[PDB]
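Engineer: Structure incoming, see below.
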Amino acid sequence: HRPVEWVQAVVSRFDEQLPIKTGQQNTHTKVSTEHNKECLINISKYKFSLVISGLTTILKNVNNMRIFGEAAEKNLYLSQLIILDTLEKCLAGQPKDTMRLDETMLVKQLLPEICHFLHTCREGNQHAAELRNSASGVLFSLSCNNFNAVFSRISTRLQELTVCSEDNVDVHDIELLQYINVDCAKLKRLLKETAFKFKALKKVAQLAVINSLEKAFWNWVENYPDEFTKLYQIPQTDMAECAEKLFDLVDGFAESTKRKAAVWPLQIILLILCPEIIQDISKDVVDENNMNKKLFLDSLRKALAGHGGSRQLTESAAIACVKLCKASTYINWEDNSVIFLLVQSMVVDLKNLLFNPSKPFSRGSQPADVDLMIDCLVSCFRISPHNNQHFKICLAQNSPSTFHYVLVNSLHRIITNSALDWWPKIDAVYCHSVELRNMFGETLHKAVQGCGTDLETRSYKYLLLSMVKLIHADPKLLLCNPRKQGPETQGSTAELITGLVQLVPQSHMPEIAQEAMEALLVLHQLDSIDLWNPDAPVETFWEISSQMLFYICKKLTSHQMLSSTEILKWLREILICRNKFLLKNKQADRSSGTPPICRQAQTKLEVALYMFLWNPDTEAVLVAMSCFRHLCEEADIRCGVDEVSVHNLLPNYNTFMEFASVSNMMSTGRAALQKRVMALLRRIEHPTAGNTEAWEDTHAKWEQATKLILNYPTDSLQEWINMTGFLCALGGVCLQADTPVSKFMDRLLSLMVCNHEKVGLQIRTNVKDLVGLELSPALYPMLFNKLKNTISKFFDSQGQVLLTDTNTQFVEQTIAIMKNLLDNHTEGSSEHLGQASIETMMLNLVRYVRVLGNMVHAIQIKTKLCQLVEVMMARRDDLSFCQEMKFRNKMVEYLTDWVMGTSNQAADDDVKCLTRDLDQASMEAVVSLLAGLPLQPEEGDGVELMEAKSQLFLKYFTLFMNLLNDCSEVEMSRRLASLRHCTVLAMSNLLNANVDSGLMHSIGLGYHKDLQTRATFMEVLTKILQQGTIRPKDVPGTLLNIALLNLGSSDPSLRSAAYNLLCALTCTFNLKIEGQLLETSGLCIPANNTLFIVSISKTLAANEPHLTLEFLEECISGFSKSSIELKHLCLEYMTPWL
Amino acid sequence: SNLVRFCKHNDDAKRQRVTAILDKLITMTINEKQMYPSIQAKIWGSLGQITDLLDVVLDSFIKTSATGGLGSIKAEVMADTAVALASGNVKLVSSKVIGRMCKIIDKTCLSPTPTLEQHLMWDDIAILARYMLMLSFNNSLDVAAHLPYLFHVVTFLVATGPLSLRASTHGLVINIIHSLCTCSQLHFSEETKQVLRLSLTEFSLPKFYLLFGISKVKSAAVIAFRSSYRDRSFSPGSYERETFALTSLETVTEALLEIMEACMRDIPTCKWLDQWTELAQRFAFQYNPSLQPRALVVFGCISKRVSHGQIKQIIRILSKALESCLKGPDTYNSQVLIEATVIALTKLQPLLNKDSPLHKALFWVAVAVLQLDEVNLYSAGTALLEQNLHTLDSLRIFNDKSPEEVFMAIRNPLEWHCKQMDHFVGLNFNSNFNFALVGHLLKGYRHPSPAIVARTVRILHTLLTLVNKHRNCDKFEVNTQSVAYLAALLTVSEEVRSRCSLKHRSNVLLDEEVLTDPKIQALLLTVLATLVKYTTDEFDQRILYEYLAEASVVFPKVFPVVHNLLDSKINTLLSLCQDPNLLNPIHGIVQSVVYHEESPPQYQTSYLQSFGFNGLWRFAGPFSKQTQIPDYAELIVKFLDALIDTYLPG
């Protein structure tokens, strides 16, 4: 129930992926839509009827579909091609069930749609050629079983034509005989049926049956060779009788010379079928039985010898005789019948007609019928293979080119199509190898010269292509009788390879270049390696094979070619195919040699496998990466032990393995892929000849490409980016005054300020992007020194800034480079940040921005520089500082000047609301700078150091306080909330480092007016007390009043912070109270906290008197500042002290 | 300072006069804001040192606050004033504000309500809680004597009320612990005090803010207190109120129990834990739909001894809870009295006698609860099951017998009621024990919480290691008994996948030498078909289809019972899938089906209904959004009733 409905899905998905049907991009790289086909083919074996019927309707629907346009036609052509190919595989795949009860589908559903293509179908000169070729194979497979169905249709058409007397030209039904599979018994039926009805047919019908019946003979002979032999082995009267009756009818039909020309090819086939009539023809002739036959046979020879003055018959006699010669080959000749004798009579005459160099036999438009000559020569070879005498005629150099063209193609069929075993084989021709090679050399010499008469030149290219395909089919044919290397001259196997190699990078003759690749790839199989030099097969291979690599690799690097991505896919397999010969060679005998060429050619392979990583084509880069395994796996074979050599012969062995994994990833745009390549390119630790010359060679290309982009007043640019990214990530290898690496930087820095109207903007956007996020961590110490020196000359003598519009563009870029550079944490960077001193550059950077002025533009620079100084204080442990503290003070000096509040209201422009952000940004810089910083005053004037600091501390304290008062909400809520929070955190860090010099100035924060700010100063003060265990140990009484005053507050988060301060005091100073106190966070302390305070104060006063004087002095001072309600409290706990 | 005599003036109606004077004094305090620090020290500080007068003074505080309301100023101020009153006699105001709370809660039984907040007496409870918050600081709630009665109320209030009342309960706990660390009446060794201080820090972590229900609150103190509490009354809003989960209450309830026991180690012959238990045991077994569920989750979490007579009551509160659900239209009300009865049993079994029948008959309560199809009831059912196996091991009951033998032997006396349930649930326990006990454990994979998924995987391993150990078969052998638990563990346990590998890539699952029974191989295919019908994951669908292709060939005859289960999802995959890894095995399935066609189907799709398991694929569906009792719960009530009658006669 369900499974039938499961198949429908497999069928239904088939329709929706036919190009004419909307593609919808469901191919999924064609892997998903191709898998469905295989299922459809497999299912057909058990549900043959269902699948086939489904397929016909898909074909019928496509036929009755009208579409216009160049896209439209191409889609439907490719659409119908897939259906037919699939449909044939189902028929062939199906086991020989031989169920002949498929009549229902064949008669109506299937035959009419297959028959449609077999018509001329002149819509496409190239398309219809394939459809007939593909469709015919379907009809042949179908005819195997259901012969009666096809055969019945033909019988009807004959009867219709027979009775009717108005001649019609719709003979296409008749012409199906050319394709239906035929057997001996079936063939008899065709002859008998046509014999009865032949006489009454019209003229046109008679010709079609004759031609089609003629081609029917060859299908039987090829497909059933054995049955043909038995025909002559044992007599069969029935076969002879039917042919004889048909023979006479055809002869009666043909009277004119034009008619005789048409029918002669067939008549010989019929005569061949009746053997004994030939014998009698040789001897005395019967009155009528063998009278008509003998007249015809001798009439043939006259024209074959040129005696008659009729050209048309001369051409026809040629065709007829050739078929007789071809048919003879199948007869074993053990019978030695007259067939062999009859051919011998005509062979000598035939050759002089077809193989006379003086006179070229020209059947028609072509200068000579090239196909016909191939049939003759191939057949004659099989009859008399021992010493052919016309092989030499063609093989001779003086003979015309077409004779050469016929010779190789003739040798091409011998190798590829030899069904019968007892025939001779190609081995007999090996003796002529020496002459074959010379022909290759001369044709190669003249073919290349022409590219760099009209048809003579074109002739050579066709001959050259055929020669290359020959080496592809069989390489031993041309390698026999090797010359062996002369003392002063190269060998013969070498000269062959050098000729084949120089065709690969041509691109003048793309078809040949593709073929020479396959030819050179077959001479590398383990079988064919031996033949190069049988004396020593493991010494000439590396001498030549390696020397081929050196030639091809040097070509790829030199310049870009259209087919570069295709030579690379071939070059991968050469590497696969020369590892195996090294693997097996080493196993049998290590002894494997490494002459200088093996080194001088191993380098150039690497110098070309780097330079393909920055190639724009995604496929080229992916393939290049996978070619690194085959460079690695060769290392193991030469030396198995890892440590001894695998990291000594190939120093960067470990990273190369990483290239492989990344290649095995889903495809993504060139930008995403370049990120992964540049990561791996950055881990090449060890200098090598391959690295240090892939860097220099691609630098010279980079330098010249730049001039073209700039000087000339998108694909051109994208390459410029890729060469730059590559040439930065891989800088470290070539490292180690004037040098190629240093000149890269200078030119690189002279492009951050590149003012070019045409494309200037895109250059700067990318040089900033790369030098920051992609430079190699081995070049920081050199980037900083050059970046510093460029700046230092912005200041004239006596330290006066020289504003210039470009100088302002350079500083804005040096900030974005530095920020990205520092912000990113990567492997190995840390060790290198240390070498250089970044201080002197940072100090000079602010002064220039300090003098820039005020405007919407210059303010945003001030913002970003402040964010850089924040990031430079998260990496302070990594960096190197000559004088850390003396440098952090000046920055605080230079940054406080920019924090100016309420300047956007006086400016009266909301456009300058940014100034709020500059104050927000400046403080975050000053928090980070101050965290842990002792104060140190510049010794420009002579004052006591201790006094000097206290003056300094008050300078910043008042500054923060003033900015704090403005931020009060009563005097944007988020802005003020954050800025106020920062301004207290900035103040806390200032006090912690400098308790000794700044505690006195700071006590006034205890009674500040902002409740949220009083809690923080108390937490800071709790922290300071515990770290230890006016100095903080000399004012126990001054703090104790702050704790007790703020315990009665009205802010629930200011009571708890005050409870904790009280706890620190008793432990730190051993104050004795009644109960116990335990520091904590999260307590909910009640508001009516009055009798608690009075109880602590009463106790301390009783048995802690020495605090009295300093306690009361503060309590009175705290009375005035507090409010009315808190004033009543201060009375309550003050009295116990009096 | 002289009202002592008048307060008990022979009830001559002069007593009515003093209360008027106090009510007048209360009004000065509300209005004279500026003189507040000085009224407290003089009027209330000193008036609160007269023992005989404390009872009447306190009473007026509550009455004045009552009229204002929970957020009213009059009630807000009287909460603060009690701090000064209580400083004179901590031992007397504490044991009189606590004693009123414990009684208001005890009167909610009379007119039970779906929740406290809808009760009439709610407003009385809310204000009395603000008194407890304020008195807790500095040990003015005498913990050294009232710790039992403070935890008892904390557990009945956690995560109830407006967000102001929820930050108050958190603060109250932080103050009871702090008072312990800084109390002199108790003498805690230096070992104990380290335990307390870690507890003090833990409770302030973002973990416990979530348990109390005040996540998204930066600090609790701020929300608990309001600055302008004298000028204006509180203005509650955002009535949207989070829910509470009885699993949260255990995590808190055991955090407190850890604290208390540390103290009892030092305090000799302490009675704290025996007093707290008595308070819980009184609300646990008394009908009050607002307090009963919480008083069961607490009764079991702290109790140290349980008897048969107690267990019968717990299991008969579960029988009446089910009956109400189907009778009435109010469901959620009584679907939390069930989840609480199950959570108690998970804790009280490990205390039962070593030789009691119920140690084994609590495997059918766990099973009969998974059959109710609710995410919470399912989650609680496994936790009772998982520990039922763990407990029986430590009692060494699976030594010479197999799971099927133990649990199916005790079910025999009450087989008649059990038989009918199996008919409707569509699984059978007489036919095949180990396949009906995995139908219930395949729904676990559909639970929203990723923590109940891993608990059902552990319950599979622990069952697997017990069936094989009965046969001494290395814990990964494949047999008729131990094949169900390996199909379930196939897609989650790597050691199962490697040690049981598909033949057409040790021993290979699907062996036809041992799995030579038509029935035992019809079931094993429904388990594999089911696991993919609802699964949605590439890694799972890959592994499960490769085992179904190989099943198509090795078991040609019985495979047609797996079409409708595979029918729909494959049909969709064929049309639209674009994965070579996942599209290969599906093709292998289609080809095998057509090949082995051309024969009259020997086994139809309804082959499983014949011998019981017609519901196996249905019981593993997703949990229904339309939460309702499956309505064959009328039989679970009779089963539970017979279980009690047979094993707890009286």
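Lettering and numbering for the structure tokens are positional, with chains as A, B, ... in the shown order, residues counted from 1 in each chain, and ligands counted from 1 in the shown order.
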So that I can check the surroundings of residue B:383, please list as a list in words every protein, DNA and RNA residue that reaches within 8 Å of it, counting only C-alpha atoms and ignoring chain neighbours fewer than 4 positions away.

Structural biologist: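 Residues meeting the cut-off are residues 346, 379 and 387 of chain B.
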
Engineer: Check which residues of chain B sit at most 8 Å from chain A using only C-alpha atoms, and return one row each with the closest pair of atoms and their distance in Å to one decimal, ordered by chain and rising number, as JSON lines.

Structural biologist:
```
{"residue": "B:33", "atom": "CA", "partner": "A:1125", "partner_atom": "CA", "distance": 7.9}
{"residue": "B:34", "atom": "CA", "partner": "A:1125", "partner_atom": "CA", "distance": 5.1}
{"residue": "B:35", "atom": "CA", "partner": "A:1125", "partner_atom": "CA", "distance": 6.8}
{"residue": "B:36", "atom": "CA", "partner": "A:1125", "partner_atom": "CA", "distance": 7.4}
{"residue": "B:37", "atom": "CA", "partner": "A:1129", "partner_atom": "CA", "distance": 5.9}
{"residue": "B:38", "atom": "CA", "partner": "A:1128", "partner_atom": "CA", "distance": 6.6}
{"residue": "B:40", "atom": "CA", "partner": "A:1090", "partner_atom": "CA", "distance": 7.7}
{"residue": "B:41", "atom": "CA", "partner": "A:1091", "partner_atom": "CA", "distance": 6.6}
{"residue": "B:45", "atom": "CA", "partner": "A:1091", "partner_atom": "CA", "distance": 7.7}
{"residue": "B:80", "atom": "CA", "partner": "A:1088", "partner_atom": "CA", "distance": 5.8}
{"residue": "B:81", "atom": "CA", "partner": "A:1088", "partner_atom": "CA", "distance": 7.2}
{"residue": "B:83", "atom": "CA", "partner": "A:1088", "partner_atom": "CA", "distance": 7.1}
{"residue": "B:84", "atom": "CA", "partner": "A:1091", "partner_atom": "CA", "distance": 6.9}
{"residue": "B:87", "atom": "CA", "partner": "A:1091", "partner_atom": "CA", "distance": 7.9}
{"residue": "B:134", "atom": "CA", "partner": "A:1086", "partner_atom": "CA", "distance": 5.7}
{"residue": "B:137", "atom": "CA", "partner": "A:1085", "partner_atom": "CA", "distance": 6.3}
{"residue": "B:171", "atom": "CA", "partner": "A:1084", "partner_atom": "CA", "distance": 5.9}
{"residue": "B:172", "atom": "CA", "partner": "A:1084", "partner_atom": "CA", "distance": 7.9}
{"residue": "B:174", "atom": "CA", "partner": "A:1083", "partner_atom": "CA", "distance": 6.7}
{"residue": "B:175", "atom": "CA", "partner": "A:1083", "partner_atom": "CA", "distance": 6.7}
{"residue": "B:178", "atom": "CA", "partner": "A:1078", "partner_atom": "CA", "distance": 7.8}
{"residue": "B:181", "atom": "CA", "partner": "A:1078", "partner_atom": "CA", "distance": 7.7}
{"residue": "B:182", "atom": "CA", "partner": "A:1076", "partner_atom": "CA", "distance": 5.6}
{"residue": "B:183", "atom": "CA", "partner": "A:1076", "partner_atom": "CA", "distance": 7.6}
{"residue": "B:204", "atom": "CA", "partner": "A:1082", "partner_atom": "CA", "distance": 7.0}
{"residue": "B:219", "atom": "CA", "partner": "A:1082", "partner_atom": "CA", "distance": 7.4}
{"residue": "B:220", "atom": "CA", "partner": "A:1082", "partner_atom": "CA", "distance": 7.2}
{"residue": "B:221", "atom": "CA", "partner": "A:1084", "partner_atom": "CA", "distance": 5.2}
{"residue": "B:222", "atom": "CA", "partner": "A:1052", "partner_atom": "CA", "distance": 6.1}
{"residue": "B:224", "atom": "CA", "partner": "A:1084", "partner_atom": "CA", "distance": 7.8}
{"residue": "B:225", "atom": "CA", "partner": "A:1052", "partner_atom": "CA", "distance": 6.7}
{"residue": "B:227", "atom": "CA", "partner": "A:1050", "partner_atom": "CA", "distance": 6.4}
{"residue": "B:563", "atom": "CA", "partner": "A:2", "partner_atom": "CA", "distance": 7.0}
{"residue": "B:564", "atom": "CA", "partner": "A:2", "partner_atom": "CA", "distance": 7.9}
{"residue": "B:567", "atom": "CA", "partner": "A:2", "partner_atom": "CA", "distance": 6.7}
{"residue": "B:571", "atom": "CA", "partner": "A:6", "partner_atom": "CA", "distance": 6.2}
{"residue": "B:574", "atom": "CA", "partner": "A:9", "partner_atom": "CA", "distance": 6.5}
{"residue": "B:575", "atom": "CA", "partner": "A:13", "partner_atom": "CA", "distance": 6.0}
{"residue": "B:577", "atom": "CA", "partner": "A:32", "partner_atom": "CA", "distance": 7.8}
{"residue": "B:578", "atom": "CA", "partner": "A:32", "partner_atom": "CA", "distance": 5.2}
{"residue": "B:579", "atom": "CA", "partner": "A:32", "partner_atom": "CA", "distance": 6.8}
{"residue": "B:580", "atom": "CA", "partner": "A:32", "partner_atom": "CA", "distance": 6.7}
{"residue": "B:587", "atom": "CA", "partner": "A:39", "partner_atom": "CA", "distance": 6.6}
{"residue": "B:590", "atom": "CA", "partner": "A:3", "partner_atom": "CA", "distance": 7.2}
{"residue": "B:591", "atom": "CA", "partner": "A:43", "partner_atom": "CA", "distance": 6.3}
{"residue": "B:593", "atom": "CA", "partner": "A:3", "partner_atom": "CA", "distance": 6.8}
{"residue": "B:594", "atom": "CA", "partner": "A:46", "partner_atom": "CA", "distance": 6.8}
{"residue": "B:595", "atom": "CA", "partner": "A:46", "partner_atom": "CA", "distance": 6.5}
```

Engineer: Since we have the selection now, will you write its residues out, keeping C-alpha atoms, as a short mmCIF file (atom, residue, chain, number, x, y, z; two decimals), in the first residue's frame?

Structural biologist:
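Written out: part.cif:
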```cif
data_model
loop_
_atom_site.label_atom_id
_atom_site.label_comp_id
_atom_site.auth_asym_id
_atom_site.auth_seq_id
_atom_site.Cartn_x
_atom_site.Cartn_y
_atom_site.Cartn_z
CA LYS B 33 8.48 64.04 62.06
CA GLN B 34 11.27 66.43 63.05
CA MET B 35 11.22 65.37 66.72
CA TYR B 36 11.27 61.67 65.81
CA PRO B 37 14.80 60.83 67.06
CA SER B 38 13.84 62.29 70.44
CA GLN B 40 11.65 57.37 70.53
CA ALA B 41 14.29 57.81 73.22
CA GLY B 45 12.16 53.89 74.91
CA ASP B 80 9.47 51.14 63.24
CA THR B 81 8.26 52.16 66.69
CA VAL B 83 12.05 48.56 67.63
CA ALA B 84 12.33 51.05 70.49
CA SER B 87 14.81 47.17 73.29
CA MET B 134 12.51 45.11 61.74
CA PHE B 137 18.37 43.13 63.27
CA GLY B 171 16.34 40.02 54.38
CA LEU B 172 14.75 38.34 57.38
CA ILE B 174 19.99 37.04 56.32
CA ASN B 175 19.39 38.58 59.75
CA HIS B 178 23.82 37.02 61.40
CA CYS B 181 27.14 34.43 64.57
CA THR B 182 27.03 37.36 67.03
CA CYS B 183 25.14 35.93 70.01
CA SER B 204 23.55 36.44 48.85
CA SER B 219 19.94 44.60 46.09
CA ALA B 220 17.21 43.39 48.42
CA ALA B 221 17.67 46.07 51.09
CA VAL B 222 16.70 48.85 48.69
CA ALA B 224 12.50 46.14 51.19
CA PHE B 225 12.67 49.68 52.59
CA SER B 227 12.66 56.35 51.95
CA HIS B 563 5.18 1.18 7.52
CA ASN B 564 2.63 3.59 8.96
CA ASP B 567 5.19 6.14 6.19
CA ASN B 571 7.74 10.30 2.16
CA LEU B 574 12.47 11.62 -0.21
CA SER B 575 10.93 14.73 -1.74
CA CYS B 577 16.08 16.08 1.60
CA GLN B 578 19.50 17.06 0.23
CA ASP B 579 21.95 15.20 2.49
CA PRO B 580 24.07 12.34 1.09
CA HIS B 587 17.00 4.70 -0.35
CA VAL B 590 12.70 1.67 -0.33
CA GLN B 591 14.66 -0.85 -2.40
CA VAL B 593 10.54 -3.06 0.52
CA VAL B 594 9.92 -3.60 -3.19
CA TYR B 595 12.26 -6.60 -3.38
#
```

Engineer: Pull the alpha helix (DSSP H) assignments for stretch 229-378 of chain B out of DSSP run on the backbone, and list those residues as a PyMOL selection string.

Structural biologist: chain B and resi 246-266+272-284+292-302+308-327+336-348+358-361+364-370+375-378

Engineer: Show me, as a PyMOL selection string, the residues that have an atom within 9 Å of residue A:88 when counting only C-alpha atoms, minus same-chain residues fewer than 2 positions from it.

Structural biologist: chain A and resi 83-86+90-93+134-135+137-139+141-142

Engineer: Please, could you write that set of residues out with N, CA, C and O atoms as a PDB file, in the first residue's frame?

Structural biologist:
```
ATOM      1  N   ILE A  83      16.421  12.121 -19.942  1.00  0.00           N
ATOM      2  CA  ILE A  83      15.355  11.122 -19.939  1.00  0.00           C
ATOM      3  C   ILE A  83      15.761   9.910 -20.766  1.00  0.00           C
ATOM      4  O   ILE A  83      15.644   8.764 -20.320  1.00  0.00           O
ATOM      5  N   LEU A  84      16.243  10.144 -21.987  1.00  0.00           N
ATOM      6  CA  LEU A  84      16.576   9.033 -22.872  1.00  0.00           C
ATOM      7  C   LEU A  84      17.698   8.185 -22.292  1.00  0.00           C
ATOM      8  O   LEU A  84      17.623   6.953 -22.289  1.00  0.00           O
ATOM      9  N   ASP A  85      18.750   8.829 -21.787  1.00  0.00           N
ATOM     10  CA  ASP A  85      19.864   8.076 -21.222  1.00  0.00           C
ATOM     11  C   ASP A  85      19.407   7.228 -20.045  1.00  0.00           C
ATOM     12  O   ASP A  85      19.773   6.056 -19.931  1.00  0.00           O
ATOM     13  N   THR A  86      18.609   7.808 -19.152  1.00  0.00           N
ATOM     14  CA  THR A  86      18.090   7.036 -18.030  1.00  0.00           C
ATOM     15  C   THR A  86      17.235   5.876 -18.518  1.00  0.00           C
ATOM     16  O   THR A  86      17.367   4.749 -18.032  1.00  0.00           O
ATOM     17  N   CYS A  90      17.610   1.604 -17.714  1.00  0.00           N
ATOM     18  CA  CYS A  90      16.603   0.727 -17.127  1.00  0.00           C
ATOM     19  C   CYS A  90      16.423  -0.529 -17.968  1.00  0.00           C
ATOM     20  O   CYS A  90      16.379  -1.644 -17.437  1.00  0.00           O
ATOM     21  N   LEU A  91      16.314  -0.368 -19.287  1.00  0.00           N
ATOM     22  CA  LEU A  91      16.138  -1.523 -20.161  1.00  0.00           C
ATOM     23  C   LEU A  91      17.349  -2.445 -20.105  1.00  0.00           C
ATOM     24  O   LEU A  91      17.212  -3.661 -19.931  1.00  0.00           O
ATOM     25  N   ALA A  92      18.549  -1.883 -20.245  1.00  0.00           N
ATOM     26  CA  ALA A  92      19.752  -2.706 -20.182  1.00  0.00           C
ATOM     27  C   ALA A  92      19.932  -3.315 -18.799  1.00  0.00           C
ATOM     28  O   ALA A  92      20.310  -4.485 -18.675  1.00  0.00           O
ATOM     29  N   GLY A  93      19.670  -2.537 -17.750  1.00  0.00           N
ATOM     30  CA  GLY A  93      19.868  -3.041 -16.401  1.00  0.00           C
ATOM     31  C   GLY A  93      18.962  -4.211 -16.069  1.00  0.00           C
ATOM     32  O   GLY A  93      19.372  -5.151 -15.386  1.00  0.00           O
ATOM     33  N   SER A 134      21.597   8.996 -29.224  1.00  0.00           N
ATOM     34  CA  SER A 134      21.115   8.496 -27.941  1.00  0.00           C
ATOM     35  C   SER A 134      19.816   7.719 -28.101  1.00  0.00           C
ATOM     36  O   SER A 134      19.639   6.663 -27.485  1.00  0.00           O
ATOM     37  N   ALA A 135      18.894   8.227 -28.918  1.00  0.00           N
ATOM     38  CA  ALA A 135      17.607   7.558 -29.077  1.00  0.00           C
ATOM     39  C   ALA A 135      17.767   6.208 -29.759  1.00  0.00           C
ATOM     40  O   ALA A 135      17.087   5.242 -29.399  1.00  0.00           O
ATOM     41  N   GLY A 137      20.147   4.033 -29.622  1.00  0.00           N
ATOM     42  CA  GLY A 137      20.540   3.023 -28.658  1.00  0.00           C
ATOM     43  C   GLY A 137      19.373   2.519 -27.836  1.00  0.00           C
ATOM     44  O   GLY A 137      19.356   1.358 -27.421  1.00  0.00           O
ATOM     45  N   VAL A 138      18.382   3.377 -27.585  1.00  0.00           N
ATOM     46  CA  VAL A 138      17.187   2.936 -26.875  1.00  0.00           C
ATOM     47  C   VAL A 138      16.400   1.951 -27.727  1.00  0.00           C
ATOM     48  O   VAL A 138      15.994   0.884 -27.256  1.00  0.00           O
ATOM     49  N   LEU A 139      16.181   2.289 -28.999  1.00  0.00           N
ATOM     50  CA  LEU A 139      15.407   1.411 -29.867  1.00  0.00           C
ATOM     51  C   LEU A 139      16.099   0.073 -30.066  1.00  0.00           C
ATOM     52  O   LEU A 139      15.431  -0.957 -30.203  1.00  0.00           O
ATOM     53  N   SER A 141      18.051  -1.509 -27.835  1.00  0.00           N
ATOM     54  CA  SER A 141      17.860  -2.300 -26.624  1.00  0.00           C
ATOM     55  C   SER A 141      16.426  -2.789 -26.509  1.00  0.00           C
ATOM     56  O   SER A 141      16.181  -3.925 -26.090  1.00  0.00           O
ATOM     57  N   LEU A 142      15.467  -1.943 -26.875  1.00  0.00           N
ATOM     58  CA  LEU A 142      14.067  -2.340 -26.818  1.00  0.00           C
ATOM     59  C   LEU A 142      13.779  -3.488 -27.777  1.00  0.00           C
ATOM     60  O   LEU A 142      13.019  -4.405 -27.449  1.00  0.00           O
TER      61      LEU A 142
END
```

Engineer: List the spatial neighbours of stretch 513-518 of chain A as a PyMOL selection string - criterion: any atom at most 8 Å away, only C-alpha atoms, same-chain residues fewer than 3 positions off excluded.

Structural biologist: chain A and resi 465+468-469+472+500-501+503-507+509-510+521-522+570

Engineer: As an exercise, work out the distance from atom CA of residue A:1061 to atom CA of residue A:949 in Å and give it to one decimal place.

Structural biologist: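 About the pair atom CA of residue A:1061 and atom CA of residue A:949: they are 27.8 Å apart.
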
Engineer: Extract, using only C-alpha atoms, all DNA, RNA and protein residues at most 10 Å from stretch 208-216 of chain B, discarding same-chain residues fewer than 2 positions from it, and format them as a PyMOL selection string.

Structural biologist: chain B and resi 157-160+163-164+166-167+169-170+202-206+218-220+223+241-245+247-249+251-252

Engineer: If you count only C-alpha atoms, which residues fall within 10 Å of residue B:436, apart from same-chain ones fewer than 4 positions away, as number ranges by chain?

Structural biologist: B: 422, 426-432, 440-441, 484, 612-613, 616

Engineer: Skipping near chain neighbours, those fewer than 2 positions away, what residues fall within 12 Å of residue A:580 using only C-alpha atoms, listed as a PyMOL selection string?

Structural biologist: chain A and resi 524-527+529+573-578+582-587+630+633-634+637

Engineer: Provide the atom CA of residue B:602 to atom CA of residue A:41 distance in Å, to one decimal place.

Structural biologist: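 Separation of atom CA of residue B:602 and atom CA of residue A:41: 28.5 Å.
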